[PDB]
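Per-entry structural report
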Amino acid sequence: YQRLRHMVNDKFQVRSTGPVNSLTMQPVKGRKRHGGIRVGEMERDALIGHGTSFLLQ
Amino acid sequence: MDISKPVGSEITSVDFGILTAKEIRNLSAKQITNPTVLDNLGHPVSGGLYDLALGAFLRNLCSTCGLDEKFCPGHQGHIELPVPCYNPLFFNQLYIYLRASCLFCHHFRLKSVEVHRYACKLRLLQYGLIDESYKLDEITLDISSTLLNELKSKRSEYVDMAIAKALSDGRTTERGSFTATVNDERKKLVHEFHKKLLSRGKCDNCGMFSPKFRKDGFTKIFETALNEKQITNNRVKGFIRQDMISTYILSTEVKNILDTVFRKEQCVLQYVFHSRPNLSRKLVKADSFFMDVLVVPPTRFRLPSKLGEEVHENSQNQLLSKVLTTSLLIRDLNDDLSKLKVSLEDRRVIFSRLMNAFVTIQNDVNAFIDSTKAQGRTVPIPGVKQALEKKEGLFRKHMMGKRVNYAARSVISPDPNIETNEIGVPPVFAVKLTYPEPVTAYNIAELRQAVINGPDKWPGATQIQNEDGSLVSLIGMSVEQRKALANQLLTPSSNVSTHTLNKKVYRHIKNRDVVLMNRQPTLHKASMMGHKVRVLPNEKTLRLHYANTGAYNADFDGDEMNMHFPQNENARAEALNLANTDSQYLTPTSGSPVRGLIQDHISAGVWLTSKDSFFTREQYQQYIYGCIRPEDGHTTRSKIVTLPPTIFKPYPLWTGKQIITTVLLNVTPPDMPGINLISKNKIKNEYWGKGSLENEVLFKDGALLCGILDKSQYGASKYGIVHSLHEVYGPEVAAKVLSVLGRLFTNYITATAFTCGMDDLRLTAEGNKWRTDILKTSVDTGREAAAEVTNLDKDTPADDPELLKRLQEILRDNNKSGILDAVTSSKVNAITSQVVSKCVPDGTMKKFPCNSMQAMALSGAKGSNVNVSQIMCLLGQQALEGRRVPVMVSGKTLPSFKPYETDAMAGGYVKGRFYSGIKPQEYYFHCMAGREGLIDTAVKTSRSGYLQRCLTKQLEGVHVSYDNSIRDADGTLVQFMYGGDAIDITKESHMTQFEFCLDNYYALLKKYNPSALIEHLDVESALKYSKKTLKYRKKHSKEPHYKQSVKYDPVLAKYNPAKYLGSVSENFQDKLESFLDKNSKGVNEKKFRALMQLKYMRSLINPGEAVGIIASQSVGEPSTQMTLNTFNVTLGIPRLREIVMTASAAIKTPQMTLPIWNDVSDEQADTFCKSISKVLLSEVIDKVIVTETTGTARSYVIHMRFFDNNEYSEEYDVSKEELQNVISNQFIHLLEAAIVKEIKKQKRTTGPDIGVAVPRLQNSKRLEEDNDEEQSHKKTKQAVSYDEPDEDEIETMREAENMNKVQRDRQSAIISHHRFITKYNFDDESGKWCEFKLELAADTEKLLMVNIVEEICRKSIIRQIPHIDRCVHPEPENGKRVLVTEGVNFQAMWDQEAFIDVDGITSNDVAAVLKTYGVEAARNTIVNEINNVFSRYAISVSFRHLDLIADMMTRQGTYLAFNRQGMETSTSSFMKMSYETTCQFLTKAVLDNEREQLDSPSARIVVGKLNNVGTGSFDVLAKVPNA
Amino acid sequence: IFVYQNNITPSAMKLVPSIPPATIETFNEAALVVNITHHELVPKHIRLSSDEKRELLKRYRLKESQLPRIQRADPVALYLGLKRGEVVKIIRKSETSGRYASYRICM
Ligand SMILES: [Zn+2]
Ligand SMILES: [Zn+2]
């Protein structure tokens, strides 16, 4: 057996309330910077899909 | 968001307009005049971009609101432009109005009566009345002014009357009615108006010509001088003026021209610029297109970017400083201009100084707004247009999608010990993710502990919010302070201003919380479900159960998942009751399951439920409690009930099947009876020995009495045990059964393991003998097939010289090699099938159930009988791109094989298996075929990302209304009923499973409780009507669809399905009645009818359901499975793109399906095929001999040697007479034109230019990245949207909207019609040749006549029916005798009534069908064609989705596609702005003076309003008792 | 109804909507060779009375334009001789519900 060099849990992150960009006032990008997880157009579409308006809000 | 902080005011609508200079000057906090931003020392300079009046900056307080950097919102300022500038966004429009106006009378050059006609039509369109706008054109009486003014009066009279009449009724409000069709009619007119405006040259009012205005890329206009004809026109029309009383043009001159024109033509422009009536009564002024000032955004939005230590200057301040420098310079130029003047004459310099001053400030203004409109500087600084469209745009990157708080990301790890509806949360996330829990009397105990525990001990609390609004962090505090604060949580509020409020505790995520689990790409809503939090100690990864693997399309290969923690109870309720996992058992795509156990559990079940599996009392009870724990709420009886043993004497023993009976007996409700189901298995009875019935799955009163349980029962498979349980007991019970079975099989696999080894791969000595004997016949097959394709009798030897010459002919042709490959492959594959059928399983040493390799393939746990046969028998023929192994120019498939070898092995046929090993030749051939697949995965530009993105943006608003109809976001009706029956796809499964429903009558009667409904519905109205429709339907059964009765329409059209029992689809009615007739079986046939009627009632789609998104997701998500290439017509994603994305009128493969009669024979139909198929001269010619002889004149003797007369007449249906006409009329005229062109081309360019350069013949690390290197980047990136169209889609978007006497007379007549021929003799008797002599001049010299003739022959058409290339006769499709055409022309086929049934002539071309047969026919073509794309890849998509998509494409009565063009006719400008060309759609919105009603999902997201779909489709009001 | 053979003069075509309330409809005999409403893909289109339209706009609380559209120059619209405002009832066979009544407004 061979052990592959990669440590897959390198992008492991958690954010409650971290820093925000001045213009958008939205969670700033950066795992190590206590950054936010992006909810993109597809996730927006999925939340519209369930008809789950408060989850989208 | 704080529930303690409610909001009383709300934005209902957004109005688009232009800021006036007077307006900006008043609201401005400070006038910006200085280009410097900082004084010396470091303080902001007064009158600069960092002035403190624009807000708090550099630890200084704001000089307007007095607040610091935190609380100061920032304030707007202004720059005073020394000269007016053209606003870049509205330059194109002001340009249109400048070119359209007269420079003398200062009216538009179009006649006033024609202008008034547009003003009238546009006024009537402000209100929703299109019919009246067209009826205005009917009002009709070089024409006198007294007559034309009466026409304007009569037209105005009709306009005022039509508005008042419609205003009296509920046809239009005072604010005016506005629909997409109304918008379409407005957009058409405003376009036609500007087109007519620009077309006029000479002014129709005063006959004087105006000088034409030209433009460049940048905002700058020039005036082209008039011609002498137009200058003399000004002179003669100069006297009539008295009785009534290229050069650059400055911005002021243009503004002054438009100022008077906008005053004089105010009446039409009032309706040209207002979408709805102008109730504000504002004047339409020209200065809206001009900028006399520039607003300076607050310092807050222009802060200098800080990256580590370096503080970088803001790019907007840089662009603004440039505008300030130029403004100070023009102020000096105007000051020097003011000084001096008596001395002038040379005024060419003062205008030159002015032109520079104007073009410089304009450029600085342009550079600030839109950089791609400014001059090149020696990458430029981005403008405000560029800021809104940086990449995807501000709307897409920061409005439609956003980075969120209270969310986590981690690699997922499998876990069978957690519930199927749960998520294993690492304690790392549990101590950081908190919920704002308000402290009350019922939860004071729970939260006091959390407060004491603090932010590092779970379940704790990170913070506490007091009723005054302040926050108290528990992070730095010790156990002593936390204990004190906990005893202060329920203290009464002293302040009367906050007595209403109560404290909040920001408590750690507990095991009772909801979380949103997401696995990207989120192709369908099942990839974003609600999971129950289960904090697992000593964990560093997110734990997920195997039942969730399908829906997320997540494999535990190092995948990543996003966890979202919603922060309010409304969001909680939604994630627990709507988006929760258990409510996502069935996908809305086909209504089939996406939840079930995957591998070990399937193999465990086949062993556990086997007859041989027996268990003692101790063993049996252990397996029960092992998976069912009453303390975890798994039971329904509060005591574990147990069945008696199946064996009493000698020893008490329980069967394996009894464990399955006991699990159901403890998880299903006691009040309801047991499940009754007769299903089947994947494992055939033959495997279980003689006379076994172990394939028949039998459940009688919730007891497994016969058959084992496969992937077909507790996997994600329709009509299995779990699905049957789901229909009878609900989704919560089915979820419990899945988790219970999941535990049982995990525990069973721990006590009784499952393994795979070499013993499972071996054949017996008998079985291996069969293998060698069948494969011994395969050696002959190679040469046999080679002798068949080559056409050689008695089967010639492998080394035959004639055969080897014949195989060479095959080698050089791609088609000939294809015939050889397909024949040899079919023959060797027949030998493969024989080996496999004999050896597996009757020849395997170890046999099922013990042969685990065999077991896994049969159970559906993993693998198939094909994989099993490659392992134990042979790999077979290695197929490469539909053919065999590639062959070299030498005729060798490898250097080891003989040239033109007639052997199966040489062609790639592998006799070897993976157990015994594969030979080096076979190894290399396997390497070829193995790689071939991975190459296809590398070269596959087709993506479902953009296709789904286009559908979802146009269908987002489309949902189910409370009146059961399918309505868009703006209330416009799309469908009158969902799929014409209003059924939810996630319910339409057992609705036709009548026998199932009958066997479970009392179980379902208890489920669909009618006792609490009988008082709310009607039991006869619809049932009586259903009989009346059935009566008239049976009367016209044999009659055609056009002759059918229209007296009574369907029962669903007249009676609400949720209020009237019996208002069911005629499809359901016919199916239900047919069951009661064909099956005569204490349930009556009348009481069963009522139950099924009630089942349909309870299967209705809920009002609010986003059927739009669901439809696009149901077309998008499965279109990912058809990314692979063809194994003629366009298939997969390219064909789907031709329909949905581009709605092409020019299809790649246009076809026509012609249904042939019964009286027309197979020979007659083939003769008919030839009669329509396009025939070329090339197709009938065998040889052309050109005898170039130069004498006296270049003589060219062209002899056309055709095939025999009877040969081409039987192959193309072409006569000798037909050939004569084409050569004598077309071919010679085409040949003469080609020779003349070749003589000119010879004398034009003598040769290529020597020394002069000619044109050349023809991310880097990313393209060299392997799949493990490329998927790792996708593994970490959280996608902005739906992939990218940068492939073929971008290039598709690159399209903007001795001779006889009779023979002598014939020759002489042809000589008079052709300039170069001398002789013309054609075979009239036999019809085999055509000879003609061509005479050329002595100066024409050398020419390549053969090559010239050749090219014209394949260009000459003998016979062709317009737009049709070839008509073929395929195999009868589903019993229907049809002919497939490679072209479309209905009117031509209409004349072939003797052969074709003109009422059944199908066509794939939607646009062609629309043009001839109408919108409803095109609509039916869309639903059929999209279905053909999915049915080919064996993908089932509900017609309810396709019908909705088709209805949306045909909403305008035309064929609209899901793209920028189709979208143009949509109410929401915000939806349009968030799709593409944000500034362009915004400009169109402002110019229309549009009101965004905020009714589209996109618009609501933009303004932070709750979406109107689902939970937002109503309002919640509280009932209060006191008066 | 005026059934022409090959073509009509552009000057003559202007005389068609010149005499209201009388309406003139032109048809090419080559285009009338086969009836389009007889085709399997063309459902039964029925023109509704001013009262039937009035009732439909009430049941669904619709505005004329808020309905699915049929072009005035659509082959079936030209067949039944539809005028702008006239609502047409379409009885279409579905492979999910069977007979289904849908509607379209001619604009
Ligand atoms: Zn301020
Ligand atoms: Zn004029």
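Residues numbered from 1 in each chain as written, not as in the entry; some residues may be left out. Chains lettered and ligands numbered in written order. Part of a larger assembly, values for the part shown. Heavy atoms only, no water. Residues with missing side-chain atoms left out of burial classes, pairs and counts.

For this deposited structure, the header cites X-ray crystallography as the method used and 3.35 Å as the resolution.

Time to look at the overall build of chain B. If you tally the helices and strands in chain B, you get 56 helices and 40 strands. Principal axes of the C-alpha set define a box for chain B whose edges measure 135 × 130 × 75 Å. (Helix = DSSP H or I, 4+ residues; strand = E, 2+ residues; numbered from the N terminus.)

Right, let's get into the sheet that holds strand β34 (residues 1317-1322) of chain B. Remark on secondary structure: sheet strands pair via backbone hydrogen bonds, oriented parallel or antiparallel. All names here are of chain B. Judged by pairing direction, the sheet is antiparallel, and its four strands sit side by side in the order β32-β33-β35-β34 without closing on themselves. Strands with a single pairing partner mark the edges of an open sheet, and in this sheet they are β32 (1181-1190) and β34. Taking each pair of neighbouring strands and ignoring which way they run, the sheet shows an average axis angle of 10 degrees. Sheet topology places strand β33 (residues 1194-1202) next to strand β35 (residues 1329-1336); eight bridges connect them, and they run antiparallel. Within β35, the residue paired with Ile1198 across the bridge is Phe1332. (Pairing = 2+ DSSP bridges. Axes fitted to C-alpha atoms, helices over the stretch in contact; angles between N-to-C directions.)

Turning our eyes to something else, we now look at the interface of chain B and chain A. Quoted interface sizes are often the accessible area lost when the parts come together. Contacts between the two partners involve 69 residues from chain B, matched on the other side by 41 residues from chain A. Carbon and sulfur atoms make up 58% of the area that chain B and chain A hide from each other, which totals about 5,100 Å². At the junction of chain B with chain A, the criterion picks out four salt bridges. We note a salt bridge from A:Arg44 to B:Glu956, for which the minimum N-O separation is 2.7 Å. For the interface between chain B and chain A, the tally reads 35 residue pairs in polar contact. In terms of residue count, strand β10 (residues 407-414) of chain B provides more of the side of chain B that touches chain A than any other element does, five residues in total. Split by residue class, the side of chain B that touches chain A holds 29 nonpolar, 24 polar and 16 charged. By the bridge criterion, three bridges tie strand β2 (residues 37-39) of chain A to strand β9 (residues 402-404) of chain B in an arrangement that is antiparallel. Each bridged residue has a counterpart across the sheet, and for A:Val39 the counterpart in β9(B) is B:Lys402. (Contact = heavy atoms within 4.5 Å. Buried area = accessible area lost by both parts, 1.4 Å probe. Salt bridge = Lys/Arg side-chain N within 4 Å of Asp/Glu carboxyl O. Polar contact = N/O pair within 3.5 Å; in protein donor to acceptor, adjacent residues only side chain to side chain. Nonpolar A, V, L, I, M, F, W, Y, C, P; charged D, E, K, R; others polar.)

Residues and elements named next belong to chain B. UniProt's feature table lists "binding site: Zn(2+) 2" at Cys102, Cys105, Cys203 and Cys206, given in the numbering used throughout. Along the chain, the position of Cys102 falls in the loop between α2 (91-99) and α3 (112-124). A residue is classified by how much of its surface remains accessible, and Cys102, at 0% relative accessible area, is buried. Residues contacting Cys102, with those up to four places away along its chain left out, are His107, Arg109, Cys203, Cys206, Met208, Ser210 and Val261. Turning to its location among the elements, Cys203 is positioned in the loop between α6 (180-199) and β3 (213-215). Taking relative accessible area as the criterion, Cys203 reaches 3% and is therefore assigned buried. Contact partners of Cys203, with chain neighbours within four places excluded, come to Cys102, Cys105, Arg109 and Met208. (UniProt positions renumbered as here; feature names shortened; annotations may be inferred. Buried < 20%, exposed > 50% of the residue type's maximum accessible area, 1.4 Å probe, protein only.)

Let us look at the UniProt feature "binding site: Zn(2+) 1" in chain B. All names here are of chain B. In the numbering adopted here, UniProt assigns the feature "binding site: Zn(2+) 1" to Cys62, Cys65, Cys72 and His75. Inspection of the secondary structure assignment puts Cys72 in the loop between α1 (21-27) and β2 (77-86). Leaving out residues up to four positions away in the same chain, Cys72 has contacts with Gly55, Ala56, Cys62, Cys65 and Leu67. Relative to the assigned elements, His75 resides in the loop between α1 and β2. Judged by relative accessible area, which is 16%, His75 ranks as buried.

Moving on, we get to a negative patch on the surface. All names here are of chain B. The grouping of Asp1182, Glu1207, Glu1210 and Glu1211 at the surface amounts to a negative patch. It is helix α43 (residues 1205-1211) that contributes the most residues to the negative patch, three residues altogether. Relative to the helices and strands, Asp1182 is located in strand β32. Owing to a relative accessible area of 38%, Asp1182 belongs among the partly exposed residues under this scheme. (Patch = residues over 30% accessible without salt bridge, like charges linked within 9 Å, V, L, I, M, F, W, Y side chains within 5 Å. Areas by Shrake-Rupley, 256 points an atom, 1.4 Å probe, with all protein chains shown as cover. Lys, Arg positive; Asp, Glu negative; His and termini not counted. Charge placed at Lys NZ, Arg CZ, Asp CG, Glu CD.)

This part is about the packing of α3(B) against α6(B). How two helices sit against one another is set out by the angle between their axes and by the gap between those axes. Residue and element names in this part refer to chain B. Between α3 and α6, the shortest axis-to-axis distance is 10 Å and the interhelical angle comes to 165 degrees. Judged by the angle between their axes, α3 and α6 are roughly antiparallel. The crossing of α3 and α6 is left-handed. Residue-level contacts link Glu114, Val115, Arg117, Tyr118, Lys121 and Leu122 of α3 to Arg186, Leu189, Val190, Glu192, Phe193 and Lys196 of α6. (Parallel < 35°, antiparallel > 145°, perpendicular 65-115°, else oblique. Left-handed = near helix turned anticlockwise from the far one by under 90°.)

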